[PDB]
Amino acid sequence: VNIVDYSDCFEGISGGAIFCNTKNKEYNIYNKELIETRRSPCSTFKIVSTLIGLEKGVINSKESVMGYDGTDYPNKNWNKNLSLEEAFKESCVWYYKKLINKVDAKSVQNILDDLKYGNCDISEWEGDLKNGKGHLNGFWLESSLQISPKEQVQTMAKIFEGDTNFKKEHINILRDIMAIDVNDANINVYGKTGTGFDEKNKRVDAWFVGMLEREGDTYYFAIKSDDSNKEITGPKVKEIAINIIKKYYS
């Protein structure tokens, strides 16, 4: 366990980072206090909800559809019968809400328990209804479910090293749709952003969680901001993560 200083890459934004190589057990941590603090996963939960949907047969492949009903949304890409791959990349809320609401709560509780997914608290299934967004809410979006960045890394490692009961076929679908292009062919990066605002504490929850493969070595990582500036989003924290990867993990 090495404490490290990645502040240069955060460019003034408050946050922390954790990278873990489970082969040679090297855990690199920037802002240990924050890395151990549980927060809403926001859209990073789509990593797990995709696997839940595959395991329960709600969806079956990166092509699978959820039966778009014509509802109007501001994001143009949400207004179509999009595939799993496109819903994941567009972070399409209605698709993932419809997917999870086809799964019984006890099945979800038991999967989160098995994964040790933070507090595993799905008690507020419908999410943070006081924000007015109605059915565009759920337990994973600034609601009852909370997970620390370290726990995110621990969960990703267990999934992608083959240490859960999820089917290998389903893990590979997830890997496929999580892959990102960082304009460096010598590292494979996979991840998912998340964005929320913690109304209680007046701070963002901005995430980028995933893994890095570079010649035999694999690093599981979570980068997290808790800045008070509402302009700090998941996508911005993903840029910070990419800078860290290129600087220190190339």
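Residues carry their position along the shown sequence, with the first being 1.
Higher mean CA temperature factor, per the PDB entry, when comparing 43-51 with 216-224: 216-224.
Between the stretches 236-244 and 8-16, it is 8-16 that shows the larger average CA temperature factor.
Across the options 190, 208, 68, 27, the residue with the most elevated CA B-factor in the record is 27. Compared with the other modelled residues of the chain, the Cα B-factor recorded for residue 63 ranks in the lowest third. Ranked within its chain, residue 150 lands in the lowest third, by CA B factor from the PDB record. In this PDB entry, the Cα temperature factor of residue 110 sits in the middle third of its chain's modelled residues. Among the modelled residues of the chain, residue 144 sits in the middle third by CA temperature factor in this PDB entry. Ranked by Cα temperature factor within the chain, residue 130 sits in the middle third according to the deposited record.
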